[PDB]
Every structure is written in structure tokens, then in C-alpha cells.
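Novice: experimental structure and sequence below.
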Amino acid sequence: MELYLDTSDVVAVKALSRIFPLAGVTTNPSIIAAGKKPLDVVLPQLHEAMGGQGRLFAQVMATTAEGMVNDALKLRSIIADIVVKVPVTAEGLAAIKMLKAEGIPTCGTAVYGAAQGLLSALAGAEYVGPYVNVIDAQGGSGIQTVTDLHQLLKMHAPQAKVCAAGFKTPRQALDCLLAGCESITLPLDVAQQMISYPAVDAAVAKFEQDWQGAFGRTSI
Amino acid sequence: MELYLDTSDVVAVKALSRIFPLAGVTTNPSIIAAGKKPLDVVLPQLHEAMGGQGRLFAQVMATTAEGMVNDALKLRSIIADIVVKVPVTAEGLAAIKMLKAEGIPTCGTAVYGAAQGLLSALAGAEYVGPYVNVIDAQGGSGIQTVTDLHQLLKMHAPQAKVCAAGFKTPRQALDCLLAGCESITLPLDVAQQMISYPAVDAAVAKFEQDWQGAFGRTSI
Amino acid sequence: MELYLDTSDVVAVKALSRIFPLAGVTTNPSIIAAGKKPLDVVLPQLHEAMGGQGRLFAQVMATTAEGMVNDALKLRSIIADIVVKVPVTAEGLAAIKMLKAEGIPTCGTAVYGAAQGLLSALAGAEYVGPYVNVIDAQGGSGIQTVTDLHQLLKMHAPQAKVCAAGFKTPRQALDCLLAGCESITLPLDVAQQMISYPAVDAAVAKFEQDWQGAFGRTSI
Amino acid sequence: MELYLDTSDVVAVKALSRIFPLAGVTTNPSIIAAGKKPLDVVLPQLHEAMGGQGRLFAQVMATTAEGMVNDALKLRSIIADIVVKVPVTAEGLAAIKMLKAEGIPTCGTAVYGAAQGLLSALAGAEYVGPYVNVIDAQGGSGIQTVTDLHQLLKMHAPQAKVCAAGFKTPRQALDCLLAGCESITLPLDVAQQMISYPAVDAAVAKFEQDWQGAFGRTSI
Amino acid sequence: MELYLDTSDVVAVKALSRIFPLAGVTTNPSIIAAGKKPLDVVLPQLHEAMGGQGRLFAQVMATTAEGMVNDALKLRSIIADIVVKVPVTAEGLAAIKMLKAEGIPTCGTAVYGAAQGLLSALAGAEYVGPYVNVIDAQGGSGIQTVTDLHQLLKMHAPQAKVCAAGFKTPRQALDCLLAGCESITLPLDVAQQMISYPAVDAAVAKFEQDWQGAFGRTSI
Amino acid sequence: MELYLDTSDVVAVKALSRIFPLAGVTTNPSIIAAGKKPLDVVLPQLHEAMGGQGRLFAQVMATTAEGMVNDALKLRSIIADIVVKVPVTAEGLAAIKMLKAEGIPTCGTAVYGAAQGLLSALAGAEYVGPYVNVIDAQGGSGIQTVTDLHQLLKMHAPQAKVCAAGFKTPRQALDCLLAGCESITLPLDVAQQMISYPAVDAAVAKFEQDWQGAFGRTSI
Amino acid sequence: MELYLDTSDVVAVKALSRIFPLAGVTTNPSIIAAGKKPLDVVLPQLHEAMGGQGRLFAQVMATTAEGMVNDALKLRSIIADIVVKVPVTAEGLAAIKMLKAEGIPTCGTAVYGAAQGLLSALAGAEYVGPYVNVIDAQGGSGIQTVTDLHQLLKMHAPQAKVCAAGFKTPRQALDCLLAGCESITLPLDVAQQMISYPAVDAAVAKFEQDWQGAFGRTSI
Amino acid sequence: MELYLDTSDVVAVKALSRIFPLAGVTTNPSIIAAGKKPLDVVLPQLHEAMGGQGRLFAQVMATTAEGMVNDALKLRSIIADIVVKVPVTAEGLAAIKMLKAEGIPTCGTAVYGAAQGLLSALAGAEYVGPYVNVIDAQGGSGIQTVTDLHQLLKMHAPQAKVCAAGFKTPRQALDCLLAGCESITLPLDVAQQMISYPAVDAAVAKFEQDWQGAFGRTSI
Amino acid sequence: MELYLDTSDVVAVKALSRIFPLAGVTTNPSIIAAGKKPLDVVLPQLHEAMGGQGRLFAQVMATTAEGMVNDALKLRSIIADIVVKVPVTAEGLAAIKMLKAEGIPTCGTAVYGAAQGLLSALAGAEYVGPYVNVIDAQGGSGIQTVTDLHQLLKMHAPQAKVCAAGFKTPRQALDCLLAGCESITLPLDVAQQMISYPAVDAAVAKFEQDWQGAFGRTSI
């Protein structure tokens, strides 16, 4: 499974890169705007924070398919192996098709339904990104949409993967993973929650207390 | 998965060919009549609109099996690699058998039950076309019939595929695809509905608004 | 069960009132605009077309809760026993609360999720109308949302009913009814489709043919 | 449960009335034509065969709703307590409504879908008759349609009952009964099959053989 | 739940009457033949062995319905409150109907299918007896038949009960009871197996051993 | 999937051989007796009707295993590649074992339970034939028995196939096929029913009507 | 729900009586032996520890049914309202029957199967005690046996309750309660585990810490 | 699937070897004692009865692991390819381990739980024998235990098989086989019941009767 | 499947090594403290007790990731092929990553959720050890967490295994194994319970009694 980070925070990415088995860092225009720095500056910094390896995601700005292709070329110039993000629209689907014809990896973002994600995957997208929280806030079920999308990708576009995003709680990520999602991207808060357990600290303290009682020291 | 268009509209087929990953265009005598132009004039136009590639479907008009074979030969003369469509009747099954013996690819159309579609597939048809809307309007369940037909084809005629048609809503197409259908043909209204999401437009607008707020421009 | 018509066509309502066991006619601002006539003119006409009985639904146009209440009072003045419709918003929920305090029956329209419909029902709404086709076109599942809403209403607001709307096919209405919906409103096309079966005509013709063969007469 | 006979055979009805707990005899124009005698002659004969009790069903022949009501009045004149049968069409639904207004029991025949049967039941029909064999031969599932219709009647029209017909095997009748159908009508072949078991005869013969072995006689 | 004994063994019936909460004793011609004594001699003995209470079952031996009625009258003369047993045949169903008209309780024996048992129950039988062992030995499933019969009786003939018989193992009786059967009749071997557990004896021995260890005695 | 015909009607077999994708013709002593001609006369005629290809089934008539083997040798002499049919009895199982040792393909007929069919398959039978209608008329469930038998053959005798027979309706055949049966044999009535749909004829008529309206002719 | 304690520890019973909503205290000969004091001494002490209320359980020690009845009379003399415990054996069932006839409340202990517990309940026992841990250690499933016993008691002996015992973990008690058990008896260790949660202590500490931070005190 | 016989009856084994596709003969100390002859005499006789082929099972009698290994060596001396049987105890598990180290095939008998059977299989046993009847008589479910054991063996010890024993009815064997058991051992009564069907005899008689009616003879 | 022992008792490990098919011995700081001897002394003793083979587990004691790596190196120095254990924390995950980079096998202990275990497995852990009892004593479900963790490992980290720990009853271990866990570690009490069955002893005694009755001796 590929575990990505949904942030542009370089310091946090560096801090969590040595803890998590991160497969990359994933960004969207809102995240970049929150970062306040441009792509040509952020993307090298995020790549360095991951140790020079990993896989970066960036989203296009244009609305026309040709503009999306030009933005994809710019992103590939900034980062050689970047994976574009492209909203799944009519122009988005056209741009995905052109990028597939051009050999540039593409990702179908702004996916709200299983059929839309499947269309993006068939167009040539390597990843299809549904936002669980946005779909849940749209009155639907993000987990059900993600499960349907994963089933469709596996049975119809086996070369495509689902990169579920938009998690408010670690339970959402667990549910998405149990649905079979081949990839997942977590925000900093959710990612930190996934590893912070007070029960683990209590158990470690109890182990150390028993060690002191039986030996009188803490090491070894 | 093969995604076809259930239309004879050349302009719309050309417009949607660059958006959708179309595997071809599918037609029936009613669609052709609505197009008001003959097969020898439409089929070349539909093939050109698809970019010179793809897989066209045309339906025979004869009632006798020998007449159906003659119509299939005429269609193959018009388009070299066309896939005939043949109603699944006694004469239809006979014609499917003869076409299989002749190497011409055939498609079992006018399928109202899973067993009828399985008979068409066993006769030699590569595709079996159940009309979801017609079956639903016949008092039955189009999705259940399509699921049964797909299961029967997969476990009895693995070389045959289900090309579900007759969709009034994108949800019907999604349900058919989740049932495992190897192919699907959408009408123009349904196909357009599959890619038009106001929520996607709103999300893109929000992304651009954040981009402007944080940088003051729209591109890159 | 209450069967309503989602139309403002007075002639069609009159024609279908003697066929269907209609409980009333349901209208929304788009339907009224398509009707091209004002509420003070349409509503008496629709009531008369129903035979002077039944239950009419009309939707408020104000955005503020107090304006919503004023529009509700105007509608009640036009039709004594009309059931208002109110979009389920913050101001919509406030207006529903005031109308409940005022004894005016209210309906929660523009419902996109089960929880929103439950909030409308708890505020005091007698009906909660989710549009199945709109929710389906929003990337979700209209039938699943309707089922969840009905379950919530039955186990939490037993005095409220679900009036499922927005049907493209009779199968959607059948699925909603099988989910337990206490009410359903159909457009003219879907309502007509539910009663027109060619198989029934063929069976009646066969019965008459057998009657002629055995008796040589058509009547009795 | 109400057990009816789908026949106009007076001798067979008399023979099976003393065996089965028959609730009535059910007829359709094809059955009457096979009988070769008119309603004014058959219906008194069928009523007498049942012992002067039971509940007879006869089907109207008119196409217009007013003609349907006239035929219903004629049938009621022939048999005082007869239950009409009326195909579920637009004119059929209108005639059902008029008969309900007139206090004449009505039955919705020629039912091909659950929604059509529910419409007939809501119009005022006490019984809704789906033909399992006809629906099965129409490419659908008769048992599934009957189950859906029964669920709809129970949860929406509790005063209506399902009288499943068109059985080729006793297993179909068993499946319909297990679905909860409140009534069932069997043809003579199926009805006779339901009670004829060679295993029962063998077991009785074995019991008599043991009785002879232990006692030497057959009686008592 | 009514617990009966499928035997004519007077000594064993007396022995097990004080252990089991028996509702009566059930017999068939084979069991009586194995007993080697006539009904007029056995039935009083079986009634006395039960303490003068309980409900006895005896089976008719005639083949014609009138003969079955005469045998039922003879049995009622022998035992005032006996419950007849009548094979579910055409003549058996006729005899059940006559006995119901005569007020004599009847039981539908020789039941091999759920529908046959339902017919017997509708005819007027208070109990319906399927033999689990015989149905299992006939290639079918005795437990499934019993479950279907119980469901049919509960939803169609609520006044009738299922008295499952023909058990080779206590697990069969447990499965029948878990299916909801209102009554059950066990043979001597199965009935004895239901109460003989070596584990219970071992646990009692352990309890007594602990009592001796802590106190030094066995009583109190 | 192998589709056989359960008949000895040479003319009907010839008529349906060019329509259906028949794998052969299947016969039993009752069918042959209805044909009124001997095996040495029928079997060559049935083979010729099938076009000189296909796979014929004939049933032995002896009661002893050695007699069954002799009858199998006689049948193989009449038709070189015939598949014997052998009732699954003790002598039947012995004969199946001897035929397997002799290299003659064998078929286990007269199968009433899943265990009996599995025993026949293990003995060496290539096909196991359960009669759905006979099992259904025996009080059990033919479809359940067929499903259990197919499961057992698949997990225990993978070299054996289930050839379901005894169909009264096409729905039974569809249910058997959906259970996974590798083979099916249909009678003439059921087989003809599977391909005759009035809806298909109506749809073809509508297609021709649209063709005439838009073009003014019927061909091409 | 009745919550009992499976112990004879008077001090612990008194300590836990003010914490738990105990319905009584339950004992068996092994527990009493571990207590090292006789029934005439323990039972008054246990009753006093519960505050003079509640319902005590004691087990007979005789093997013969008459001896069991005598022990039950002795126990009732010691404690007026005690609920006896009686192993479900042949003599145990006889003793249960006599106690039911005598008006003494009885409990079926040493229950290893659902059928044995149902027999005890039908004999007249008000409670049936399956030992979950003993059944689990016997190779079976204690939770499944308890669920089956509860279903049987509810559908056959509605006046009887299941008092599940023999718990090693609180999860076993939770599973038994979720199965519908009307009563449960916990050992001291399991009962203490049910209320001791370190997470609750941590949450309370956090609440008090926030209270101190925001106000600077601990009370109110 | 491997079909064994649970007997030491040489004459019955010889009689049933030519009917059943027996894979061997299985024995236990109780069966041998019923045979009244020693292993050195019975085992050669049973091997000869099977035709010199098949796979024999014999059970050790020692209580210590070393004595168990000595008994296994003695059994292997008597029969070269015998499959030992070893109760799954602590010493039994030790003996299974030693026999696996020694290359002697071993079988885990006296299995009462899925975990015990899995332990035996992991120790090295090729077969694991649970007695369905004994487990059922122990208050548990033999079929559930067998299913759990088979699942555990398949997912944890794929080289081990389940040889279900202790059948009172053929339905138990059918249930075990449907659970996927790779082997089964039947007693003579159950084995004979599995092949004796009166319905098959009746069907054969009907076939011969039709043959006589149409031809006038019995052969061919 | 790998069966480990969750103990540091050298004598018990030696005793149970010849009975169980142990794959190793698992230890934690609390277990080691209970052992009262250091790792450099216990680990050689535990390895010797297993016969010089097996796979030992030891847990690090440091809190920092670098200290965890140093402790892992010390453990590997003590035992060449030891499998470390590392609590799944942020520092624990970092240490797991470094150990994977260093080629040292690692185990993710102190796992309280499926997602935490999956993170440990992705970081590089060969095993993931959730404590069933510790999770159950935290208000959750240990079996459900173990099942979710195993599913996640199989579908996302196929190279990792689940080593379920913390069992109070053999039923917990059976449930974990039925969930598919590739490994399991048992405490001495639970391990002993899995092999000690009084029923097996009774069956062996009965076998020996029959042997004496039929032969008069105990051996062979």
C-alpha cells in the first residue's frame, strides 16, 4: 500500500518521513495556497524533505484541456517524476487522455462518484482521488463511493489505483483501507492520530516498571 | 471496459470522442431512422468521427436467417470490421450460428432474459445486448437480468461479453458496471450526465479563488 | 399510501385523476414557472382538476425564515388546506419550526441527505421530500438516501412521512416504495409509464380472440 | 389462506371441492372459452359445484371503463357475490375506482409488475392477480414479482391480497406461499399434483403390511 | 412446547413420564404392530402410563375417506380425547375435512412436503406430522421441509401446529425446535439420548468430591 | 456449456439443431417408448439429424450390473461414441465402475439426492443427471438438490458434470444454469419457450416501422 | 436484566453490592467448598451482605430425585425465598418436576446443550444455567449454545430465563448479553474487570486538570 | 474424495467394495472388538476384501507416546502401508510428532474440537478424524466442528485432510461433504442407506413397463 | 502455521516442545521480569529448551528509536536469529524502519488497532502482534481488531503476518485462527487447555475396556 501525506508543510513532511513509510506527498491548490509558496519553490522542498525519493502530486490550474496539458508539462519540468492531478471534467478527461498519450502519469481528482472515477481511470489516469470528507459533506457516503470506485477500478481498469483522501478521523482511513484501496493520503492531524495511542504509552510504562521491579534498571 | 455510444449523431460522436475513452459507436434501426441517413452514408461518417479507429455496431433488418446473413455481409462490405447486431430469435440464433461459422463477429440484441442472452452467446455471439430500460418497462428488473446474464456468460460462455444498453440515468450504468459488465453503451444524455458535476465546478472555482488569494493570479 | 403528481398541468391532472388514486398534486417553483401561470391562478385550477379534494403542495420563495412564514401564510390564503414546502436550510428549519408552532402543515423539500431530512422532520415537517434523481446526479445514491431517511423518520419521527420525488423510470419509484416510503410523487411521464404495458394489451386481445372463437361475439 | 381453482370444469370442481379446502373458483376469458359455455350458464354451475358456497371470480370483457363497469354489473346480476376481474390498465384502473365507489369487489388481473399491482390495489381492488407463468415466460421472475407485490400490498394497501396464478409446478405455488401470499389459485394439473405422492401410497402400504403381519387383518 | 413420545411401550412410557414433561404419546400402525397388541388394549394402557392425562395419537387404517372417518369414530370411542392421525392424501384430505366438520381433532401424517402439510392444516388438521428421517432418506432435507411447513402454518394456518417426528439424533430434534416447531415427538432412543450426558455425571462427581474435601460428607 | 435435447423426435431434433447450439440429444426408455422405434433405428436417425456430430445419451435396461455392462456394449456397438445412462443404484454403481474400467463414458441417471449423484460421479460417471421436475414432485427442491450436487462434483469429482433435466419452465433451466451446472438438457416445449418472446417480435416490428418511416423500404 | 454474583465471598459480595445493581448471589458446591463454610452459615451471611434483599441460588447434592427434593426443602428452610439449582439429568428433571408441583423455584444447572436446557425449562425450571467456559472447554461453543438455549426458551418456554455463567473475560458476558440472555452471573474477577477501565481514569484526570487550569480548584 | 468404510466386517467390505468407489477401510478398537479377531488376522482379511488395494486405518492402544510409536510400528509390520490412528492427546501429539519424524502416516482420531484437530494436523497427521455423532452427543454441533476443522486445515495445514466419521444418517455425511471435507468414512448402515432409494426402483420399473408396452420385451 | 509460546518458563517450554509443534517462544518485558532472569541468560536457555531450533521473540526496552535499534543489536548479539519486538509508536515505527534497513527481523507489538498494526507492517515488521485480551479489556473487540488487521496485512502487506497474543480461553485462539491469522502465541495455561479433554480420556478408556472384553488384554 502507498501511504501519502496530504500537506505542503515541509517541516512536518520531514518530521513524519522518518516515522511513516511514506510513498510520497500529495498536494492540491488549496494546500499550496495555505503553504503560501509557489510550486517551483515548494515542490523541490517537499521532494528534499522526503529524502530525494517518493512520488509527488500536483494539480493543474487551467480549465481548458490544452491548458491543463501545458500546466502538466510545467509541473513535469519542475519535478521530473511528478504525478499530475487533474479534475475529472470533460476538459479534465480530455487532458487526461492527452497526458496518457504523452506518457505523463495523471491522477483523477475532484471525483464525486464511482462512475466519474472510473471514467477518469479509463481515460488513462493512474490514480483516482475521491475526497471522503467532501462526499460525506455532499449528503452521500464517502466510504460507499470509495468502495464502489475501487471495485470498478479492479474489475474494469486493473492498472488504476484509488487514492482516498479527505479524512477527518483515522477510522475513515481504516474503513477505506479495509475496502481494498491500493493507496491512501492522510492529512497531518489524521496521520499523527494514527500513531498516537495513550494505551501504548501506558503499556510501555508498565513494562519498564516491571523491568525495574525485577532487575532495578531500565536499559537492555 | 469498452465504452460505446448509442447514437448515430456524427457531430456529437466527434465532440465526445476526444472526451470519453470510447471503444466505438453502437446503432440500432430506430437510431439510424432518427439519423435520417442510410448505413452506407452514416457508418463511414461515424467511423471517421471516431478517428478512424474503434468498433462499430449495426443491426440486420431481415427476418429469415439467410436474409440476416446477407444483411451482415452487406454491413461488413460497408465497414470492414463492423460488429453485426442480430435479434435473439430462432432465425436470429440461426443467423448468429452461420455468422460464427463465417468468422463475422455478431452481437445478440433484443435480449429480454438471461437465458435468451446465454443462448445467443453460445450460438457464437461475442456481445449480448440487454436493454435495461426496455426490460424495466416490461415489468421486470433490468439490472437483475443484466447481472444474471453476465454471470451466465462468465461461467458458461467466457468468450462472450455483456453490452448493457437502455439507460435513463447514470445510476443505471453504474449499477450495471458494478455487476461486472465487460462493456456498456450510453446514450448522449446519460453520457453527458456522467461527466457534468456542478460540485466539481464549484471545487475548481474554490481552488482558483484560493490561488488568487494566496498569489494573485490564475495560471501555473 | 398517498400518490401525488409532480406537475402543474391542469389538463393532465384532470385526465389522470380519474385513472390514478391520486392523493394530491405537488408543485415546485420550476414546475410553476413551466406552467407560466401564478399560484393564485394555478392552485385553484389544480384543486378543481382533482375534484375539489386531495392535498396540494406549494413551495415558498423567500430566503429568510420570516419571509418563508409570510409566503406560507399567503399560500394558505390561496388554498385553505395546502401543504407548504420549505427547503431544509437554517432559515428553512426556522420557518418549519414557526409553521409548526402556527399549525400550518409543512414539507421539507430540497433534501439531499437522510440527516437533513430527519432534521426537517424533527423541526415539525409532516413530509420530507428527497429528489431521487437529483441525489443520483449528485454522485450519491438516491434510493439509499431515501431508505435511510425513511428508517430515520420511522424510528425517530414517526409522525413524519417520506414523499420521494425526482423519478426518471418506474423502477426508481418501485424501489422507493419497496423501501417503505409512505408517499410518492410521480411526474407525468413516469406516472403514464406505470400503467402502459403492451403485454397487458396483448393479453386482453388474446382473451377477446378466444371469446370470439368460442362465442363469435365481443361483449359480455 | 384462500385456495381457489383456476378452471371452469364443473365436474372437476365438484370432484375436488370435497378434497381441497377450496375458497372459490377463478376464471378468465380463455378458461371460459375452453369451457365452451357462457357465463350465465357456467357461473351458476360452478357455484353449485362448490356446494352453494365459495367466492367466484369472473373477468370483464369491455375495453372502456364504463363498459367495464357495465360488465361488472352484469356479472353481479348473474352471481350476487361474484368478485370481478379487471385488467390493470388506465381504463382498468378507472373501472376499479368506479367499482370501489359502487361497493362491488374487484380484482386486479393481468398484473405484470409490482407497481402495476400496487396501483390496482390502491384503486380499490381487493385482490391483485399476478400470473407467475406469464411473467416467467416474459423474461422476468414471476416469484420475485409476486414477492415484491405482496410486500407492497402489505406495507401500503393492507386491505388488499395477492392471488398468485399461472403455476406449472407445485414448487411455484410453494414458493409463492412462502413469500406470504394471502391467496393462491391452482390449475387442475397442479392442484392434483399437490396431493398425489407415490411415497405416501408406499408408506400406507407398508403400514397395512405391518398391521397384517402383527394381526392378520387390514381394518380397525 | 408439547413433547410427545413416538412409542407404544407402556413400561418405557411410564418410566419416562415422570422424567420428561410429556404432553402425550404418539403412535402409528408400524409402532402398534411392533407392540403386538390392539388399539383397544394399548391405548388405555398408554393413557394410564401417562397418569390419566396427556394427549394420545392414533392413526386410521382405512383407504376411503368414509372408512377413515369410521376408524376415527372407533378411535374416539376407545379414547375419548384421542387425536386421530390421517395420511395427507386425497381421501386423507377428505377425511380430515369430515372430521373437522365433526369436531374430532385430526393430525396430518405421512407429510412429505411443506405444501402437502399446509393442505392438511387448511383442511382442518390441528397437527401436521412430517417425518424428518423419512424425508432425509427420500433424498430431500427433512429440516428444510419442516421449517418451510412451520412457516406456512404460522403465516397461513395459525391454528395448526407442526409435530416433527422421525429423529435419529438429538441434533435433528434441536434443529427442528430451533426452526420454531410448536411440537415434537421423540423415539425412546433419541429421548433417552437427550438427557444422558457423561459430562453432567462428571461435573456432579466433581461437586461431590469438593464437598467431601471441604466438609467430609456427601449430603446437604 | 453443453446444451442437449431430451427427446427422440428426429424431425424436431433436425429442426432445432440449426437454431440451438446443441451438444447432443439425450434419451431415456420412456422417451424411446414414446418414439415407438428401437434404439438401433432411432439412435442413427438422431445422430444424422444432429448433422453427424454431437453426443448421444442412451440408458441401459438391465437390472444386474453385468447386464447393464452388456447393454452398454450393445449401445456402443449401435453408436460408437454414445454416452450410456445408468441409474444410480447398487448394481448401477457397480456397472458404472465396470464401464469406467472399460473406458466407456457413463452417465448417472435416476439421481434423487446430492449424495447419490456424488457416488455416481466417484464411481466413474462423466455426467450426473438429476431430474428437477421429479425431485420437485417428490416433495423436495430440485434446484437445491442440483446446486448441492454441482457443488459436490466441483469440490470432490472435478472431472464430472451435472446435466440437469426434468424442466417444466425455462425459469427452472435458468435457475439450474445460475447454480453453475456445466450442462443442461431441455425438452422440446421448454426449449422452444426459451427462444420465443413476443416482445422481441414487437421490437423487430417497431424497428422495421421506423425503417419504413425514415426510408420507405424494409431491406438493407 | 438480573445481574448475579458467582461467589460465596461475603466480604466481596458486600463490597460489590453497593456498586453493582446485583439481583442476587449464585453458588455451586465447588464455590461453597472453596468458601469452607456450610450452607446454613453462608446463606444467611450472603443474604445479609446483599442488604436483606436479592435472590440467592443454592444447588442440591443428592443424586436421586426424592433426595434432590429433600435437599431443596432443606435449602428453602435455610432461606425462605432461595432458588434451588438442580443438574439437568433424568433424576434432575424428575426433581425439577416435583419442585414445580411443590411451588419451589428451581434452576436447571449443569446444562451443556440447548436441548437439555430446554428440557429443564419445560420441566418447570425458572432459570437455565449454561456454563459458557465449561462448554467452551468441552470443544464446543459456549456462546452458540447459550444463544440457541435462549432462543428455545423464548419461543417454547417464555416463562424461563437463561442465567449464563462461567465467564473468563468480560467479552464473553457481553456476547451472552447481546444474544438476549435475560440474566447473567459473573465471577468476582470478571465483575471487577467490567467496571475497571484505565481510560476512564485518564479521562477523569484530564477533566480535573482542565478544571484546575481554568478555575484553579477541584470541587464543584 | 476418499470414501472409506468404518467397519471390520470382511464379508460386508467385500460385498460393498465392488459397489462403492472405496478408498479404504477404517477401524477403531471398538470396531475390532466387535469383530472379535486380532489385528494380525483382521487387517490382512480387510486388505484382501478390498482387492489387495486401498488404505487401511488402525488405532494404537498404548497410553505413552513411546508405546504409541511401538504400536504404530507393529501395525506397519502387519500392513506395510497402513495409516495409523492416534488419539489427539498430549502423548498422542507427541506420538504423532515421532511418527512424522519416522515417515509413518498418522491420523488424528478422538478429535472433539477444531483446535485439537488442527494441533494434530500440525503435529504431522495426514488425516484428522472428528466423530460427528460423538460431538453431537456431547452437546455441541458435529457439523460445525467439522466445518471449522476443515477450514483450519485448509488455511493452516494444507497437507492435512478431514476424515469425518460417526454418521447416523446420510444427511450428516452430505452436510460434511458440502462443508468441503476431503474424506469421509461411513458405517455399513449409512453406506447402504446412501444407495438404496425406493424412488429409483419405481422409476426403473416404470421405464421397463413403458419398454414392454411399446415393444413387448425387457432386454436391449 | 507458526505456533509460539508466550512464556519464559524454560522447564515448561522444554516439556511442551515435545508435545506441541512449536515454532518458537515469545517473551515480553513483563514475562521476562516474571522469569526473574536477564535476557542473556533466559534466551540461551529458551533456545536450548526448544532443541536448538525455533524462533525467539524479545522486546526492546528503549524509548528513542536509536535506543530501540541499539537494543535490537544487543538482542541479535545474544541470539543470532532472534526476532525483535518493538512497540508500534512514532519512535517504534522509526526503529522498525531502521531495523528493516539493517536486515534485522522485527515485530510490531503493543498493537491496539488494525491501522496501527498495518503501519507497523508497512514500516517493515515481519510480524504484528495484537493482544486480544488487552484489546478486549479496553472496551473494544480483540477478535474483530485481529480480523481487520489480518485482512489489511493480506491485502496491503502480504509479507507480514499476524501473531495474535493475549488469550484467556482456547476459544479466543480458535476464533483468531478461523479469522486467518498466520501465527498464534499461547500462554502455558491456554496451551495446556487446548490438549486436555476429559472426553478423550473417557473414549480411550472405553476403547481399552472393549479391547479387554473382546480379547482380555490391553496391548497391541
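Specialist: Happy to help now that I have it. Numbers count the residues shown, from 1 in each chain, chains lettered A, B, ... in the order given.

Novice: and the residue nearest the centre of chain A?
Specialist: For chain A, residue A:185 is the residue whose C-alpha lies nearest the centre (Cα atoms, centre = their mean; 3.0 Å).

Novice: what's the angle between the longest helix seen in chain A and helix G:198-215?
Specialist: Identified as the longest helix of chain A according to DSSP state H is helix A:198-215. Here the directions of helix A:198-215 and helix G:198-215 differ by 110 degrees (axes from the mean of the first three to the mean of the last three Cα atoms, to 10 degrees).

Novice: please enumerate residues in contact with helix A:198-215?
Specialist: Outside of helix A:198-215, the residues within contact range by Cβ atoms under 8 Å, 6 or more residues apart in numbering or on different chains are A:217-218, G:198-199, G:202, I:28-30, I:32-34, I:36, I:38, I:59, I:61, I:63, I:87-89, I:92, I:110, I:112, I:134, I:138. Yep, even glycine has a C-beta here, placed from its N, CA and C like the rest.

Novice: quick one: buried ones out of these?
Specialist: Taking 16 or more other Cβ atoms under 10 Å in any protein chain shown as the criterion, what is buried in these is I:28-30, I:32-33, I:59, I:61, I:63, I:87-89, I:92, I:110, I:112, I:134, I:138.

Novice: can I have stretch A:170-183 written out in CSV, keeping just the CAs?
Specialist: Output of stretch A:170-183 as CSV, limited to C-alpha atoms (Å, rounded to 0.1, in the frame of the first residue of the first chain):
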residue,chain,number,x,y,z
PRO,A,170,-8.4,7.6,11.4
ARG,A,171,-11.5,5.4,11.4
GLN,A,172,-12.3,6.7,7.9
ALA,A,173,-8.9,5.8,6.7
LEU,A,174,-9.2,2.3,8.3
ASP,A,175,-12.6,1.8,6.6
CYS,A,176,-11.2,2.9,3.2
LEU,A,177,-8.2,0.6,3.6
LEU,A,178,-10.5,-2.3,4.5
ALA,A,179,-12.4,-1.6,1.3
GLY,A,180,-9.2,-2.6,-0.6
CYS,A,181,-7.9,0.9,-1.6
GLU,A,182,-4.5,0.4,-3.0
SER,A,183,-3.4,3.9,-1.8
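
Novice: ok, and for that stretch, which residues are buried?
Specialist: Buried-residue list, stretch A:170-183, by 16+ other Cβ under 10 Å: A:170, A:172-183.

Novice: does any bit of it sit next to chain I?
Specialist: Yes - contact between stretch A:170-183 and chain I, assessed by Cβ under 8 Å from any Cβ of the partner chain, occurs at A:170, A:173-174, A:177-178, A:180.

Novice: just to revisit the earlier point, so what's the gap between the longest helix of chain A and the chain middle?
Specialist: How far helix A:198-215 lies from its chain's middle: 36 Å, per Cα atoms, centre = their mean, to the nearest Å.

Novice: ok, the residue of chain A found nearest chain E - contacts?
Specialist: Closest to chain E within chain A is residue A:178: 32.6 Å, counting by Cβ to the nearest Cβ. Applying Cβ under 8 Å, 6+ apart to residue A:178 gives the contacts I:114, I:148, I:151-152.

Novice: in chain A, which spans are strands?
Specialist: Assigned by DSSP state E, chain A shows strands spanning A:2-6, A:22-26, A:55-59, A:83-87, A:107-111, A:127-130, A:161-164, A:183-186.

Novice: want to throw these into TSV with distance to chain E?
Specialist: TSV is the format used below for these (distance: least, Cβ to the nearest Cβ, whole Å):
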stretch	distance to chain E
strand A:2-6	47
strand A:22-26	51
strand A:55-59	56
strand A:83-87	54
strand A:107-111	46
strand A:127-130	44
strand A:161-164	42
strand A:183-186	44
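
Novice: stretch A:124-140 vs chain C: in contact?
Specialist: Yes - using Cβ under 8 Å from any Cβ, stretch A:124-140 comes into contact with chain C via A:135, A:138-140.

Novice: for that stretch, measure first residue to last.
Specialist: With Cα to Cα, to the nearest Å applied, stretch A:124-140 spans 26 Å between its terminal residues.

Novice: just give me the neighbour total for residue A:208.
Specialist: 16 (other Cβ atoms under 10 Å in any protein chain shown).

Novice: relative to residue I:76, how far out is it?
Specialist: 21 Å (Cβ to Cβ, to the nearest Å).

Novice: what do you get for residue A:7?
Specialist: From residue A:7 across to residue I:76, the span is 36 Å (Cβ to Cβ).

Novice: keep only those of the buried ones among the contacts of helix A:198-215 that are in helices.
Specialist: I:29-30, I:32-33, I:92, I:134.

Novice: max pairwise distance over those: which two?
Specialist: Within these, I:33 and I:92 form the most distant pair, 20.0 Å apart (Cβ to Cβ).
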